[PDB]
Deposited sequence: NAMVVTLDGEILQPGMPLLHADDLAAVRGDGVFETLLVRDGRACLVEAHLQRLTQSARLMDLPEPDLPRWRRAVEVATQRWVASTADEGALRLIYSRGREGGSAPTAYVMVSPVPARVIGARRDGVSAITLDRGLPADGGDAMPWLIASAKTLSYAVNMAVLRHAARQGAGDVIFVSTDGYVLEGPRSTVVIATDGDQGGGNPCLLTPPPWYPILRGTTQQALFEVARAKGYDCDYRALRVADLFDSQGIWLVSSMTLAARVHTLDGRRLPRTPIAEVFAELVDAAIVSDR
C-alpha cells in the first residue's frame, strides 16, 4: 500500500507507525509538504517542488531543507516504486516541525497510488462552482502572517470546501475573492484560454504558485503561446476558450460546467492536455 523513505534513505517496513502522538504535524498541522507525480520511471519536476519546499519552509520558520538529502530520499523512493509497478505514483514530501519540545524536524518521503478520481478528471473533466474565499486580493503580500503562499500540512479547510461542493454535485471549486477576482482552487491552479493566450491569476494574490502552471508557461511560450498574469474575474471565466484546474498529480481537469452553467468546448482543449504533458517532462 504505502511506502515510506526517511532522509537517511532506508525504506520503512509497511504497516508500522512512523510518527509520534506529539508530532506537530498531527496535533497542529505545523509543517509543509509537496506532491509529485511519478510517470514513466521518474518523479516529475523535482527541483521546482524542492524550490517551493524551500520557500514554504522559510515562510514557516522551519529549518532550511537539505536539498541533497531530499533528492536522495525521492530517488530511492522513485526507483522502489518504478520497480514495483508501471502505474503512476503519488509521491509526497512531508516536512514537519517535529515533536513538541524537541528540536529535530520531522521529514520523510511517501509514495502512494494515484486515486481513481484523477483518471476521470483528466479524461472527462470536472464540474466546478465558484465560492467566496473570504480573502481579498491584497492578502498575500500585505498580510504575510497568513502565509497564504505556503503549502502547509493544514489542509482541513481545503478538503471541507471540496466536500461542500460535492454535496451539490460539483467536482471541484474555484475560489473567488471578496473583491471579485479569481484566486485559485483548493488543490489546483486556475488557467484559462483566451484569444490564443493563456492566463492565470498574478502571484501577489493570496494563492499558491503552481509548479505545473509555471512549467506550462515555459513550454507554451516556447511554442508561440502568449502567457501573462492578469486580474481575472468571474465574467472572464465564462468567456474563455477553456478553464482548467492545474496541479501536479491531476495535471489538467477542464471545467466543462461552472456554477451549473455548461461551458462550450474548444479545439484548444485537446492540445491543452498535451501542453501540460510536455510541461511535467520539460525538466527532462
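A.B. asks: Please list, in sequence order, every stretch of the deposited sequence that lacks C-alpha coordinates.
C.D. replies: Absent from the structure is a single run, positions 196-202.
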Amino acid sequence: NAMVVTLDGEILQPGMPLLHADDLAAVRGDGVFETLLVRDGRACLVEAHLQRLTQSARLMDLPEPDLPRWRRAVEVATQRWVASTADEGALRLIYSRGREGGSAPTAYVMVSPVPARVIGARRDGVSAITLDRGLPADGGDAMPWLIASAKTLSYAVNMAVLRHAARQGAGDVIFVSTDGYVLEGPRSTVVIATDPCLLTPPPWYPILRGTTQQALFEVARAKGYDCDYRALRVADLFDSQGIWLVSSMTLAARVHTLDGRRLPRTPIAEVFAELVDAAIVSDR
From here on, numbers count along this sequence of modelled residues.
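A.B. asks: According to the deposited model, is the average Cα temperature factor higher in 57-65 or in 239-247?
C.D. replies: On average, C-alpha B-factors are higher across 239-247.
A.B. asks: Mean C-alpha B-factor higher for 152-160, or for 82-90?
C.D. replies: For C-alpha atoms only, the mean B-factor is higher in 82-90.
A.B. asks: Quick one: which of 210, 206, 186, 102 has the biggest Cα B-factor according to the entry?
C.D. replies: 102 has the highest C-alpha B-factor of those listed.
A.B. asks: Looking at the C-alpha B-factor values in the deposited entry, which of 110, 166, 147, 193 comes out highest?
C.D. replies: Across 110, 166, 147, 193, the entry lists the biggest C-alpha B-factor for 193.
A.B. asks: Going by the CA temperature factor in the PDB record, which third of the chain does residue 98 belong to: lowest, middle or highest?
C.D. replies: For residue 98, whose C-alpha B-factor we compare with every modelled residue in the chain, the answer is the lowest third.
A.B. asks: Consider only the C-alpha atoms of the modelled residues in this chain, order them by B-factor as the entry records it, and name the third containing residue 225: lowest, middle or highest.
C.D. replies: CA B-factor rank for residue 225: highest third.
A.B. asks: Ordered by C-alpha B-factor within the chain, which third holds residue 39? Give me lowest, middle or highest, please.
C.D. replies: CA B-factor rank for residue 39: highest third.
A.B. asks: Against its chain's modelled residues, does residue 30's Cα B factor rank lowest, middle or highest third?
C.D. replies: CA B-factor rank for residue 30: lowest third.
A.B. asks: Taking the chain's C-alpha temperature factors as the reference, tell me which third residue 4 falls into: lowest, middle or highest.
C.D. replies: Lowest third - that is where residue 4 ends up once the chain's C-alpha B-factors are sorted.
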